[PDB]
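A.B. asks: Okay, handing you the structure first.
Nothing in this text is a laboratory measurement; each read-out follows from the coordinates by a stated rule. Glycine also receives a Cβ, built like all others from the backbone with ideal geometry; neighbour counts cover every protein chain displayed.
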Amino acid sequence: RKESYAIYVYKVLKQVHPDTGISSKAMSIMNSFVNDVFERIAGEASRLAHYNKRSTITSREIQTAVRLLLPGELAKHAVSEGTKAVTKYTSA
Amino acid sequence: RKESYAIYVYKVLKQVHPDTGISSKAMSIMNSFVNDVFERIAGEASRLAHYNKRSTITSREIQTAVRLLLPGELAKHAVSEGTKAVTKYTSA
Amino acid sequence: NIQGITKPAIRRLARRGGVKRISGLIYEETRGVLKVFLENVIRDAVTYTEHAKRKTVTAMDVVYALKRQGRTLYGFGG
Amino acid sequence: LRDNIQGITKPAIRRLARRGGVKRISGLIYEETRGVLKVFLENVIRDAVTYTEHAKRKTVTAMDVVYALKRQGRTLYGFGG
Amino acid sequence: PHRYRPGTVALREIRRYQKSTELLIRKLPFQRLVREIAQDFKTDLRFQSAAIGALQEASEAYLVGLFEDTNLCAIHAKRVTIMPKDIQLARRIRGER
Amino acid sequence: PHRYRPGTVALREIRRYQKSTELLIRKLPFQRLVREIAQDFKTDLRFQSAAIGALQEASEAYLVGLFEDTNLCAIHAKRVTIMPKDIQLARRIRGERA
Amino acid sequence: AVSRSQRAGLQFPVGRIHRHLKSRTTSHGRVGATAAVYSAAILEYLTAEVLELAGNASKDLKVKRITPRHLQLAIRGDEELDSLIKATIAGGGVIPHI
Amino acid sequence: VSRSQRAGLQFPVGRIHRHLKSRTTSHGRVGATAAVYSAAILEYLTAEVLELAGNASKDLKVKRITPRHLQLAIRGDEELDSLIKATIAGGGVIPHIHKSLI
DNA sequence: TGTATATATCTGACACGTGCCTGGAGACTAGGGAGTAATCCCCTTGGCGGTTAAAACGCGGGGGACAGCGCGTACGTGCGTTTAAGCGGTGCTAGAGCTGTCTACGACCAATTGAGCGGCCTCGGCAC
DNA sequence: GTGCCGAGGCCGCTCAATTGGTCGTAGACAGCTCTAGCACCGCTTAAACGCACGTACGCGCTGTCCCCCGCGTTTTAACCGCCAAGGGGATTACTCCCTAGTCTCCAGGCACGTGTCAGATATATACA
């Protein structure tokens, strides 16, 4: 019924800081941040296919919206971390 | 090929100020204003149906997005002008 | 109901931003600025509630209304 | 194409200050106006390169400047078509 | 018999309210103001329990963030005490007016 | 000779530049500035005829609006001549970093 | 036979607006017939509102054609039309304030 | 075998791919390639916030992550402040004191 | 006198692990997005050398910025004590949300015939 | 008043507006279940209103540097129009192989109930 990311945020925290935890008030803060980013990535990539006369949205539209919504610095590290899972999922 | 509103802007001006004209530099300003408003009306009405578990955009979604974008005053006059053409088109 | 915010209530809000000395006419001006900003969020929540044929403002009506103004608030389902 | 930061001369900034309502201009304004404009120009030009490389093109068209200025918050009309 | 200097007591409140996370404005006077403004748009309106806390978090964050830029105008004008005319100056640059 | 007072000449330029809609910044020096910034992002880049004029119109509109908020800080601080320290004050309220 | 804009008493095309709405939002959604008639009245009322204030100011400068300079004074001069149109008109200048 | 374990990510691939096809647009198609890159951006941005927030929690000798530490980690960083321009409920602002008030 | 540091306590609320149901994953076939070559000819970038707008160095002197002495009224700090915030709860019944049934009114499909895009030409608005 | 190139009005070509017909499945609105909203009972004690009196920010007046305006000779390099060569954008025809859409299989995900320790109270001493 309630589709949230309450089971995926705690799994990433255990991989970096296993000696930590979370609270009820802190769960809504991390859940609202993921939903706000997904609304901006899907919104920016939707205009790319319309402005370039396209339709099929592949992996090229997702990487384009990363460097636009991020003012550099952190946008460079997301490219190497994004392409690492694409080749691993295909070549398997 | 080039779908623009170059033939509809000059028609409205002839009904108010027939002793006036338009230029090429002034046509691009009025054409970009209508395109920017249409992108905000459809963008605001799209969230009205998804957040309320709906999938059809009728006349109720267009009127709701008028008061949300316009800071009053002019939003009240658009209700009497918008509903005048809806009833006239149906009852004809 | 403009007399809701008292004098020490406005002083406590200025201590968080970094205001040392507060003038006496600040209490008369803070009530007018806050009323203008509150008129844009309350009116936006009424239009979002009448669209769903509801008479009670839910918790999601305030989040969707504050996102268009620019002051996005987290910790309330979005 | 080297050290092109000296394009904005001293009388060029004086013409832009009179349009807003600036009477007297200090001497250190020219050293600060060139640095502020360079920061703002680095956000629109960089955004136009990403929009051009997505279409497999090498020339920055006129449509890429309008789409890059709308996301930053400074929408410019007239160049839409 | 023991009075502090005009400035030491006001400086101690800055390091106290900035570390706390509770709400500064009370909930009873703030709830009556929302029902009055909303009565002009739609009569017989109702608000949920979580709707009151959502409006209070946005009202306190806006007043705190506005006082940060307002106090900077007083220091820039060789002054310490804030002035009511400094609020309209910062609101014009941000785009509220 | 016929030397005017330092003040009656600068006020005449306000009623002149605000009436005409011509470009204040030149086109040739501004063209070399855009090519230098876009040289580090992608080598061998080109710009159309209309793409150059679009970037020039946005740069003049940003500098004009910035000087309007900067001149208001001088009247509040009992001053007339603008200062570089007043530019950083107006950019902090709008949210412009660096 | 009979156009949809002539029956409703509007000048904006109804078939063009209804066709463009289905390609934007949304995916598994449908655009109602009543939404196209209401959307054509909003774009028509906003167009005549800007041309009304611009046509009255252009008649005082002994000019017939509408210049881009008069379009800026009709939007920036009005308080209600300034918050709605938050863009920038290329080749129009600002309000002569002194 | 799920699509998240094969790519080495913790975010669900089927959930992101199903949500993208229900937004924009009707004629647009979202294949399986776009869902893999979309899950990597959401996971990297989530671990970056939890890394800066978890370091400050070791100074106050606490265990669970409090909303106060989430504000000091986002607003205190010069790279994550321009991206996250929202407001954390129950966190306040950064305690700063000007030099002209002492 | 004013904030930290210390050991002790209290019971709300985070983490753990099942019961069970959507909605993730996999094999298959149908059909249209856009792969990446193959085309013509749009309008970018680089070349020379005239004319004449406006950029740069230097002059003199008005009136700007902002150091610092000191008049006099707004607001900091804190004792006394007004009157409404917030806590423990109990009763009434608006209207949010979940699950039924079957009519209101868009999408799809396929031949008509008029809306409106592209290219021409003659002024007649407004630039020097 | 004197000269030049963009705007208004025509004819022609062919994309896509408007009609009629058939039928999937959105959403109008019927009644029922039971969360959590509004109004009012009263004790305890945080915090708001009123007001004493020095303390120290904002105020205005007026020196005296050293800020950069205003006007003019000499100077660097912009705007103007026209030349020739080839980057890489435009729409144009073909099939590989991306990913929309249908049933069936069986596990990830998420509502509710369950232990016991995170971190909130407020008593201690020792300092900033």
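A.B. asks: Given H placed on each backbone N at 1.01 Å, which residues far from H:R29 in sequence or on other chains put an amide H within less than 5 Å of it?
C.D. replies: A:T56, A:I57
A.B. asks: Now, a different point. With unit charges on the beta carbons (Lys and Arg positive, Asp and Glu negative) and the dipole taken about the Cα centre of the protein assembly as shown, which residue among E:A51, E:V9, H:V36 sits farthest to the positive side?
C.D. replies: E:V9
A.B. asks: Then there's this: Relative contact order of chain G, please, whole-number percent, based on alpha carbon pairs below 8 angstrom and at least 6 residues apart.
C.D. replies: Details: 68 pairs, mean separation 18.4, N = 98.
Reported as a whole number, the value is 19 percent.
A.B. asks: Just to be sure I understand the curve: with the Debye formula and one point per C-alpha of chain H, what is log10 I(q)/I(0) at q = 0.11 Å⁻¹?
C.D. replies: Scattering profile of chain H, log10 relative to I(0): -0.53.
A.B. asks: Other chains near H:51-62: what is the mean number of their Cβ atoms within 10 Å of each residue's Cβ?
C.D. replies: Values: counts 4, 0, 6, 6, 1, 0, 4, 3, 0, 0, 0, 2.
The shielding value for this peptide is 2.
A.B. asks: For the stretch F:81-91, just list the computed ³J(HN,Hα) in residue order, Karplus coefficients 6.51, -1.76 and 1.60, θ = phi - 60°, integers in Hz, with x standing in for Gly and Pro.
C.D. replies: In residue order, the calculated couplings are 6, 6, 10, x, 6, 7, 6, 5, 6, 6, 6 Hz.
A.B. asks: Out of residues 5 or more away from B:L70 or on other chains, whose amide H comes under 5 Å of its own, with H placed 1.01 Å from N in the peptide plane?
C.D. replies: none
A.B. asks: What is the set of long-range amide H partners of G:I66 at a cut-off below 5 Å, with H atoms built 1.01 Å from backbone N?
C.D. replies: B:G21, B:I22, B:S23
A.B. asks: Next question. Shortest first and in nm with one decimal, please list how far the B:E81 label point sits from its counterparts in the other copies (point 7 Å along Cα→Cβ).
C.D. replies: Going from nearest to farthest copy, the values are 5.0 nm.
A.B. asks: Additional query: Give the chain B residue with the shortest beta-carbon distance to the rotation axis relating chain B to chain A, plus that distance as a whole number of Å.
C.D. replies: Closest Cβ on chain B to the axis mapping it onto A, in Å: B:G43, 4.
A.B. asks: Provide the per-residue ³J(HN,Hα) series for the stretch E:41-49, in order, calculated from phi with Karplus coefficients 6.51, -1.76, 1.60 and θ = phi - 60°, each as a whole number of Hz, with x at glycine and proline positions.
C.D. replies: So the J values, rounded to whole Hz, are 7, 8, 6, 6, 8, 10, 10, 7, 6.
A.B. asks: So for F:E68, G:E44, fewest C-beta neighbours within 10 Å to most, what's the order?
C.D. replies: Working: F:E68 19, G:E44 22.
Arranged by neighbour count, lowest to highest, F:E68, G:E44 become F:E68, G:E44.
A.B. asks: Which of these, E:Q56, E:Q48, E:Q31, has the largest mean-square fluctuation under a Gaussian network model of chain E (Cα springs below 10 Å)?
C.D. replies: Greatest mean-square fluctuation among the candidates belongs to E:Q48.
A.B. asks: Another question, if that's okay. Explain nothing, just compute: Karplus ³J(HN,Hα) = 6.51 cos²θ - 1.76 cosθ + 1.60, θ = phi - 60°, for every residue of the stretch D:55-69 in order, whole Hz, x for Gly and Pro.
C.D. replies: 9, 6, 10, 10, 10, 6, 7, 6, 6, 6, 6, 6, 6, 7, 7
A.B. asks: Charges only on Cβ, +1 for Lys and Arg, -1 for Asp and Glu: so what's the dipole of the protein assembly as shown about the Cα centre, in debye to the nearest 20? Walk me through the intermediate numbers first.
C.D. replies: On the way: 128 positive and 67 negative charges, 67 e Å.
About 320 debye.
A.B. asks: Continuing with the same structure: Pairs B:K2/D:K58; A:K76/H:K61; A:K76/D:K70: which exceed 26 Å Cα-Cα? Let's see the in-between values first.
C.D. replies: Details: B:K2/D:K58 24 Å; A:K76/H:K61 34 Å; A:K76/D:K70 23 Å.
Where the Cα-Cα span goes over 26 Å, the pairs concerned are A:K76/H:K61.
A.B. asks: While we're here: If the only charges are +1 at each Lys and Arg Cβ and -1 at each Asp and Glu Cβ, what is the size of the charge dipole of chain G around the Cα centre, to the nearest 20 debye?
C.D. replies: On the way: 14 positive and 8 negative charges, 135 e Å.
I would put it at about 640 debye.
A.B. asks: Within 10 Å of each Cβ in peptide A:39-46, how many partner chain Cβ atoms are there on average? Round it to a whole number, please.
C.D. replies: Numbers: counts 4, 1, 6, 8, 3, 1, 6, 8.
For peptide A:39-46, the averaged partner shielding equals 5.
A.B. asks: What shape does the stretch A:26-90 take by its C-alpha gyration tensor, where a ≥ b ≥ c are the square roots of the eigenvalues and a/c under 1.5 counts as rounded, a/b above b/c as prolate, and the rest as oblate?
C.D. replies: Details: a/c = 1.67, a/b = 1.25, b/c = 1.34.
Here the stretch A:26-90 falls in the oblate category.
A.B. asks: Continuing with the same structure: Treat each spin label as a single point 7 Å out from the Cα along the C-beta direction, and report the E:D44 to G:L81 distance in nm.
C.D. replies: Taking the simple label geometry, E:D44 and G:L81 are separated by 4.2 nm.
A.B. asks: OK, next. Run through chain A and list the GluC sites (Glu not before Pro) located in a DSSP loop whose Cβ has at most 14 other Cβ atoms within 10 Å. It would help to have the intermediate numbers written out before the result.
C.D. replies: Values: sites: A:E3, A:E39, A:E44, A:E61, A:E73, A:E81; in loops: A:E3, A:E73.
For GluC sites (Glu not before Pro) across chain A that sit outside H, G, I, E and B with at most 14 neighbouring Cβ atoms in 10 Å, the list reads A:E3, A:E73.
A.B. asks: Now for a different question. Dipole size in debye (nearest 20) for the stretch D:19-81 around its Cα centre, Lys and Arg Cβ +1, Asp and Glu Cβ -1?
C.D. replies: Values: 12 positive and 6 negative charges, 33 e Å.
Value, rounded to 20: 160 debye.
A.B. asks: Considering only Cα-Cα distances, which of the following residue pairs are longer than 18 Å: B:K25/G:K64; A:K11/H:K63; B:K14/F:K19; D:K10/E:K78? Present the calculation step by step, with values, prior to reporting the outcome.
C.D. replies: On the way: B:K25/G:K64 15 Å; A:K11/H:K63 16 Å; B:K14/F:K19 28 Å; D:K10/E:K78 30 Å.
Beyond 18 Å between Cα atoms: B:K14/F:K19; D:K10/E:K78.
A.B. asks: Is chain F best put as rounded, prolate or oblate by its Cα gyration tensor, with a ≥ b ≥ c the root eigenvalues, rounded for a/c under 1.5, and otherwise prolate when a/b is larger than b/c, oblate when not?
C.D. replies: Because a/c hits 1.5 or more and a/b fails to exceed b/c, chain F counts as oblate.
A.B. asks: Still on this structure, please answer the following. For A:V16, D:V66, C:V62, D:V36, what's the fewest-to-most ordering of other Cβ within 10 Å of each Cβ? Working shown, then result.
C.D. replies: Numbers: A:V16 12, D:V66 22, C:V62 28, D:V36 18.
By the 10 Å Cβ count, ascending: A:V16, D:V36, D:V66, C:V62.
A.B. asks: Between H:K85, H:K61, H:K21, which gets the highest mean-square fluctuation from a Gaussian network model of chain H, Cα cutoff 10 Å?
C.D. replies: H:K61
A.B. asks: Quick one: P(r) of the protein assembly as shown from all Cα-Cα pairs, 20 Å bins, percents rounded to integers, in order of increasing distance.
C.D. replies: In whole percents, the pair-distance histogram is 14, 46, 35, 4, 0.
A.B. asks: For peptide G:69-81, compute the average count of partner chain beta-carbon atoms within 10 Å of each residue's beta-carbon.
C.D. replies: Values: counts 5, 1, 6, 2, 0, 0, 2, 0, 0, 1, 3, 6, 1.
Mean partner-chain Cβ count within 10 Å for G:69-81: 2.
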